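So this first bit is one chain, no partners, the form solved without the named molecule, shown in structure tokens.
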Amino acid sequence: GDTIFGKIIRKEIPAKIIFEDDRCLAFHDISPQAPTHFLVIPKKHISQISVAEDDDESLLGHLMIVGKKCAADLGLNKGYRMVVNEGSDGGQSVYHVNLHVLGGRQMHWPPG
């Protein structure tokens, strides 16, 4: 089923967009957990990483490359953390695959 991230891709509700191409969208998280906290999502509706297909490998890697490029553009020269959450135990909040990128502060261990 559709999610709020689908609405964001479709431009039906606003988001602070950082980057877009034909296959993904990066935008600041509405509930940021670090001074910089953004998401990179595919335009293809993959509901969760556990159901991603082998043919999705380059698209998933594209999310990470876009994420690291956006992190550099946003000035995260001291580092950052990338996160993908799966399911209940993973704390996944939206059933549309989304890569979190967090920085601008020390990230701690364990990662939740």
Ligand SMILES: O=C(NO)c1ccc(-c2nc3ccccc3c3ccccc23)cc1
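For every residue, the number given is its place in the sequence shown, counted from 1.
Novice: Look over 75-83 and 47-55 in the entry and identify the one with the greater average Cα temperature factor.
Specialist: Per the PDB entry, the higher value belongs to 47-55.
Novice: Between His100, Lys16, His96, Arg10, which carries the biggest CA temperature factor in the record?
Specialist: Of the candidates given, the C-alpha B-factor peaks at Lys16.
Novice: Split the chain's modelled residues into thirds by Cα B-factor; is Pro35 in the lowest, middle or highest one?
Specialist: It belongs to the highest third of the chain when residues are ordered by C-alpha B-factor.
Novice: Among the modelled residues of this chain, does the Cα B factor of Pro111 put it in the lowest, middle or highest third?
Specialist: Its C-alpha B-factor belongs to the lowest third of this chain's values.
The form solved in complex with the named molecule is left out here; the points below concern that form.
Novice: Once the site C-alphas are superposed and the named molecule is modelled as in the entry with it bound, is the result open or blocked, blocked being 3 or more ligand atoms within 2.4 Å of any backbone or C-beta atom of this form?
Specialist: Transferred pose: open.
Novice: Is it the case that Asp29, even though its partner is missing from this view, gets within 4.5 Å of the named molecule in the entry with it bound, heavy atoms only?
Specialist: Taking the distances in the entry with it bound, the answer for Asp29 is yes, it comes within 4.5 Å of the named molecule.
Novice: So in the entry with it bound, does any heavy atom of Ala71 sit within 4.5 Å of the named molecule?
Specialist: Residue-level check for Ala71: no, no contact with the named molecule.
Novice: Flag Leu63 as yes or no: does it have a non-hydrogen atom within 4.5 angstroms of any non-hydrogen atom of the named molecule in the entry with it bound?
Specialist: Heavy-atom contact with the named molecule at 4.5 Å: absent for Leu63.
Novice: Who in 55-92 is close to the named molecule in the entry with it bound, meaning a heavy atom within 4.5 Å?
Specialist: Going through 55-92 in order - heavy atoms within 4.5 Å of the named molecule in the entry with it bound - there are no hits.
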